[PDB]
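Chemist: I have a structure I would like to understand better, so I am pasting it below and will then ask my questions one at a time.
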Amino acid sequence: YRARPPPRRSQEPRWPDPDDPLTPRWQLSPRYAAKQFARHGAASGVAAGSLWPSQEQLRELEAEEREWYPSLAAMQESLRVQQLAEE
Amino acid sequence: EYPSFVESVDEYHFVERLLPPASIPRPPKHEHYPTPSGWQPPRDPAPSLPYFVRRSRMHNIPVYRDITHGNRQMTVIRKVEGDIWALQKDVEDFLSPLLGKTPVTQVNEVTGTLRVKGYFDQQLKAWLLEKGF
Amino acid sequence: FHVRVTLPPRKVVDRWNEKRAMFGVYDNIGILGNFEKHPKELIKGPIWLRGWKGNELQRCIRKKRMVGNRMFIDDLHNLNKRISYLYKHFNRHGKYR
């Protein structure tokens with residue numbers, strides 16, 4: 001006999017039908033797109049601009065970053081209060 | 001309203017530094033042996049003994065310690081190609097004057113393995129270095 | 001305990017038919033194949049069982065998580081009862097506590 005054609009893995013960028021009801025949601029995610037680019041991205045045809053945070057997303061990350069994450073100077077100034085109190 | 005991006009191959013060599021090796025490198029030759037941490041390479045020829053001990057893929061002598069039932073202490077010599085009885089003669093004869101009695105042994109011809117009762121690890125390394133295996 | 005009085009037709013098996021002769025042909029696919037497709041992918045079976053294992057309780061709870069909402073009313077119900085029974089039998093009974 002001849003054996004079957006050996007099982008291979010196609011490296012062409014793969015896009016599941018967006019409007020298809022049966023499609024799993026983890027394949028329609030905005031993340032799936034970015035990973036698609038990370039594997040090929042020229043052949044994938046993902047717009048490179050999309051791989052960075054938008055204006056809104058950037059204002060919101062900015063907000064969180066300055067809110068929960070102080071400045072080095074500020075934290076030193078914060079330590080000085082405690083040490084003075086202890087002494 | 002996408003941001004503008006710039007493409008370049010110049011800074012890519014840094015990313016070459018981050019790729020892990022999938023194969024272990026051969027140890028760089030030095031002027032002096034043994035090295036500071038004590039690693040000593042095998043000789044240029046091989047000895048004429050009718051057995052040979054393959055050093056493990058990190059290139060260390062394949063002698064280990066083992067504990068069964070929490071009180072049983074053993075030493076396993078591994079990766080032996082040849083007459084293993086030849087090896088057991090020598091190991092036993094070498095260990096005997098230290099122990100006062102002939103040490104208990106299990107020879108495995110199918111595995112190519114030797115088991116010795118007790119911890120002789122330290123003293124066996126020194127021995128398989130002398131013989132050059 | 002009455003036993004057959006007539007001999008059956010001798011069963012001729014050609015072990016050289018396509019299926020038996022090709023058996024286990026692509027098994028080494030990962031190793032000999034510069035690992036891309038892992039041998040799990042060779043598994044043709046029920047959609048929640050592929051390349052995965054477990055005792056009866058884990059099987060049942062797994063099937064209920066994966067294919068659950070595609071199930072018929074009756075097999076779904078029996079699946080719930082079975083999960084319950086196995087649950088309290090594994091947790092609350094045995095010799096070895």
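Labels used: A, B, ... for chains in the order of the structure tokens, numbers from 1 for residues in each chain, and numbers from 1 for ligands as shown.
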Quick check: residues of chain A within 12 Å of chain C, only C-alpha atoms, returned as a PyMOL selection string.
Modeler: chain A and resi 1-11+22
Chemist: Per DSSP on the backbone, what are the alpha helix (DSSP H) residues of chain A, as a PyMOL selection string?
Modeler: chain A and resi 30-39+55-68+72-86
Chemist: Go ahead and save the picked residues with N, CA and C atoms, as a short mmCIF file (atom, residue, chain, number, x, y, z; two decimals), in the first residue's frame.
Modeler:
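So the final result, stored in result32.cif, reads:
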```
data_model
loop_
_atom_site.label_atom_id
_atom_site.label_comp_id
_atom_site.auth_asym_id
_atom_site.auth_seq_id
_atom_site.Cartn_x
_atom_site.Cartn_y
_atom_site.Cartn_z
N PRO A 30 -10.21 41.01 19.51
CA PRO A 30 -9.19 41.97 19.06
C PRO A 30 -7.75 41.46 19.28
N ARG A 31 -7.56 40.60 20.29
CA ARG A 31 -6.26 39.98 20.56
C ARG A 31 -5.84 38.98 19.49
N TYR A 32 -6.80 38.21 18.99
CA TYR A 32 -6.52 37.24 17.95
C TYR A 32 -5.88 37.92 16.73
N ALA A 33 -6.31 39.14 16.46
CA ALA A 33 -5.76 39.92 15.35
C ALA A 33 -4.28 40.22 15.59
N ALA A 34 -3.95 40.76 16.76
CA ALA A 34 -2.57 41.11 17.09
C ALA A 34 -1.61 39.91 17.04
N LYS A 35 -2.07 38.75 17.52
CA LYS A 35 -1.30 37.50 17.47
C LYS A 35 -1.14 37.00 16.03
N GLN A 36 -2.18 37.23 15.23
CA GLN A 36 -2.12 36.94 13.81
C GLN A 36 -0.98 37.73 13.17
N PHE A 37 -0.89 39.02 13.48
CA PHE A 37 0.24 39.83 13.03
C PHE A 37 1.58 39.32 13.55
N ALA A 38 1.63 38.94 14.82
CA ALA A 38 2.88 38.51 15.43
C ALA A 38 3.43 37.24 14.78
N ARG A 39 2.55 36.39 14.25
CA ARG A 39 3.02 35.19 13.55
C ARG A 39 3.52 35.47 12.13
N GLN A 55 -6.45 56.47 21.06
CA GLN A 55 -6.42 57.71 21.82
C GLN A 55 -7.14 57.54 23.17
N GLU A 56 -8.33 56.94 23.12
CA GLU A 56 -9.12 56.67 24.32
C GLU A 56 -8.37 55.75 25.27
N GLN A 57 -7.99 54.58 24.76
CA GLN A 57 -7.24 53.60 25.53
C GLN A 57 -6.00 54.21 26.18
N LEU A 58 -5.36 55.14 25.47
CA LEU A 58 -4.15 55.80 25.96
C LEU A 58 -4.45 56.77 27.09
N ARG A 59 -5.55 57.51 26.97
CA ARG A 59 -5.96 58.41 28.05
C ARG A 59 -6.33 57.62 29.31
N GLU A 60 -6.92 56.44 29.10
CA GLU A 60 -7.36 55.61 30.22
C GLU A 60 -6.20 54.89 30.92
N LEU A 61 -5.23 54.43 30.14
CA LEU A 61 -4.01 53.85 30.70
C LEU A 61 -3.20 54.92 31.42
N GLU A 62 -3.17 56.12 30.83
CA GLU A 62 -2.53 57.27 31.46
C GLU A 62 -3.13 57.53 32.83
N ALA A 63 -4.46 57.57 32.87
CA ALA A 63 -5.20 57.82 34.10
C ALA A 63 -4.82 56.83 35.21
N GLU A 64 -4.89 55.54 34.88
CA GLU A 64 -4.55 54.48 35.83
C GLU A 64 -3.10 54.57 36.29
N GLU A 65 -2.21 54.90 35.35
CA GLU A 65 -0.78 54.93 35.62
C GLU A 65 -0.40 56.05 36.59
N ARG A 66 -0.98 57.24 36.41
CA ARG A 66 -0.67 58.33 37.33
C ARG A 66 -1.46 58.21 38.64
N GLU A 67 -2.60 57.52 38.59
CA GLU A 67 -3.42 57.31 39.78
C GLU A 67 -2.83 56.30 40.79
N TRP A 68 -2.54 55.09 40.32
CA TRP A 68 -2.06 54.02 41.20
C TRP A 68 -0.54 53.92 41.33
N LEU A 72 8.94 58.48 41.52
CA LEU A 72 10.07 58.11 42.38
C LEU A 72 10.37 59.17 43.45
N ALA A 73 10.43 60.42 42.99
CA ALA A 73 10.58 61.57 43.89
C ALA A 73 9.47 61.56 44.94
N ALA A 74 8.22 61.46 44.47
CA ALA A 74 7.04 61.43 45.35
C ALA A 74 7.10 60.34 46.42
N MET A 75 7.57 59.15 46.04
CA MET A 75 7.66 58.04 46.97
C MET A 75 8.78 58.22 48.00
N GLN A 76 9.91 58.80 47.59
CA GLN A 76 10.97 59.18 48.55
C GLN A 76 10.43 60.18 49.58
N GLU A 77 9.73 61.20 49.07
CA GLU A 77 9.07 62.20 49.92
C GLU A 77 8.06 61.54 50.87
N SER A 78 7.44 60.46 50.40
CA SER A 78 6.50 59.68 51.20
C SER A 78 7.19 58.91 52.33
N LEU A 79 8.38 58.38 52.04
CA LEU A 79 9.16 57.64 53.04
C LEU A 79 9.68 58.56 54.14
N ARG A 80 10.06 59.78 53.74
CA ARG A 80 10.61 60.75 54.70
C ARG A 80 9.64 61.09 55.84
N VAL A 81 8.35 61.17 55.51
CA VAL A 81 7.28 61.36 56.50
C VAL A 81 7.29 60.27 57.58
N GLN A 82 7.29 59.01 57.13
CA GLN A 82 7.29 57.86 58.02
C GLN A 82 8.53 57.83 58.92
N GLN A 83 9.72 57.97 58.32
CA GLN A 83 10.96 57.91 59.10
C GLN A 83 11.03 59.04 60.15
N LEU A 84 10.59 60.24 59.77
CA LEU A 84 10.52 61.36 60.72
C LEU A 84 9.59 61.02 61.89
N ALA A 85 8.42 60.48 61.56
CA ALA A 85 7.45 60.06 62.57
C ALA A 85 8.04 59.05 63.56
N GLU A 86 8.75 58.06 63.03
CA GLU A 86 9.37 57.01 63.85
C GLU A 86 10.44 57.56 64.80
#
```
Chemist: Do you have the atom CA of residue C:19-atom CA of residue C:7 distance handy?
Modeler: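 These atoms are spaced 28.8 Å apart.
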Chemist: Can you tell me, as a PyMOL selection string, what residues are no more than 12 Å from residue B:5 when counting only C-alpha atoms, ignoring any on the same chain fewer than 3 positions away?
Modeler: (chain A and resi 47-52) or (chain B and resi 2+8)
Chemist: What is the atom CA of residue B:14-atom CA of residue A:41 distance in Å, reported with one decimal?
Modeler: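 Separating atom CA of residue B:14 from atom CA of residue A:41 is a distance of 21.0 Å.
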Chemist: Mind giving me the straight-line distance from atom CA of residue C:27 to atom CA of residue C:43 in Å, one decimal?
Modeler: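 Distance reported for this atom pair: 10.2 Å.
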Chemist: What residues in chain B have any atom no more than 12 Å from chain A when counting only C-alpha atoms, and can you write them as a list in words?
Modeler: residues 1, 2, 3, 4, 5, 6 and 7 of chain B
Chemist: Using the chain letters and numbers from this document, which residues of stretch 29-133 of chain B does DSSP assign to strand (DSSP E or B), as a ChimeraX atom specification?
Modeler: /B:51-53,63-68,72-77,80-82,105-108,113-117
Chemist: I'd like the neighbourhood of residue B:123 as a list in words, where a residue qualifies if any of its atoms comes within 12 Å (using only C-alpha atoms), though same-chain residues fewer than 6 positions away should be ignored.
Modeler: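 My reading of the contact set: residues 61, 63, 64, 75, 91, 94, 95, 98, 129 and 130 of chain B.
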Chemist: Could you give me, as a PDB file with N, CA, C and O atoms, in the first residue's frame, the residues within 9 Å of stretch 73-76 of chain C, counting only C-alpha atoms and dropping anything in the same chain fewer than 5 positions from it?
Modeler:
```pdb
ATOM      1  N   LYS C  64     -19.733  17.860  30.465  1.00  0.00           N
ATOM      2  CA  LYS C  64     -20.783  18.835  30.763  1.00  0.00           C
ATOM      3  C   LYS C  64     -20.321  20.259  30.543  1.00  0.00           C
ATOM      4  O   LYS C  64     -21.100  21.112  30.147  1.00  0.00           O
ATOM      5  N   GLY C  68     -21.913  20.681  26.816  1.00  0.00           N
ATOM      6  CA  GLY C  68     -23.137  20.689  27.588  1.00  0.00           C
ATOM      7  C   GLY C  68     -24.323  21.340  26.906  1.00  0.00           C
ATOM      8  O   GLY C  68     -25.348  20.697  26.725  1.00  0.00           O
ATOM      9  N   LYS C  81     -27.572  14.145  37.031  1.00  0.00           N
ATOM     10  CA  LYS C  81     -27.722  13.137  38.059  1.00  0.00           C
ATOM     11  C   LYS C  81     -26.447  12.319  38.185  1.00  0.00           C
ATOM     12  O   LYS C  81     -25.995  12.070  39.292  1.00  0.00           O
TER      13      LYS C  81
END
```
Chemist: If you count only C-alpha atoms, which residues fall within 12 Å of residue B:128, apart from same-chain ones fewer than 4 positions away, as a PyMOL selection string?
Modeler: chain B and resi 40-43+47+51-55+60-63+77-78+80+87+90-91+94+121-124+132-133
Chemist: Write to file, as a short mmCIF file (atom, residue, chain, number, x, y, z; two decimals), in the first residue's frame, the residues of the selection just made, with C-alpha atoms.
Modeler:
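The resulting file, selection07.cif, is reproduced below:
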```
data_model
loop_
_atom_site.label_atom_id
_atom_site.label_comp_id
_atom_site.auth_asym_id
_atom_site.auth_seq_id
_atom_site.Cartn_x
_atom_site.Cartn_y
_atom_site.Cartn_z
CA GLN B 40 38.05 18.13 34.04
CA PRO B 41 37.76 16.88 30.40
CA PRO B 42 38.46 13.20 29.37
CA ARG B 43 41.82 12.20 27.83
CA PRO B 47 41.83 3.77 28.20
CA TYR B 51 34.39 -0.82 29.73
CA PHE B 52 33.71 2.84 29.16
CA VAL B 53 31.68 5.42 31.03
CA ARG B 54 29.91 8.01 28.88
CA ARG B 55 29.88 11.40 30.60
CA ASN B 60 29.97 15.23 34.27
CA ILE B 61 30.67 11.75 35.54
CA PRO B 62 27.32 9.96 35.75
CA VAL B 63 27.41 8.88 39.41
CA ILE B 77 26.91 4.39 38.24
CA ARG B 78 25.24 4.87 34.89
CA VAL B 80 28.46 1.94 31.05
CA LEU B 87 33.95 -2.57 36.22
CA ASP B 90 37.66 -2.80 39.96
CA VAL B 91 35.03 -0.85 41.94
CA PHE B 94 38.96 -0.22 45.16
CA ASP B 121 29.58 9.43 45.40
CA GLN B 122 32.42 11.75 46.36
CA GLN B 123 35.00 8.96 46.29
CA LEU B 124 33.70 7.49 43.03
CA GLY B 132 39.97 9.20 32.74
CA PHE B 133 36.39 8.14 31.98
#
```
Chemist: Do you know which residues are at most 10 Å from residue C:63 counting only C-alpha atoms, after dropping those on the same chain fewer than 2 positions away, and could you put them as a ChimeraX atom specification?
Modeler: /C:46-49,58-61,65-68,71,79
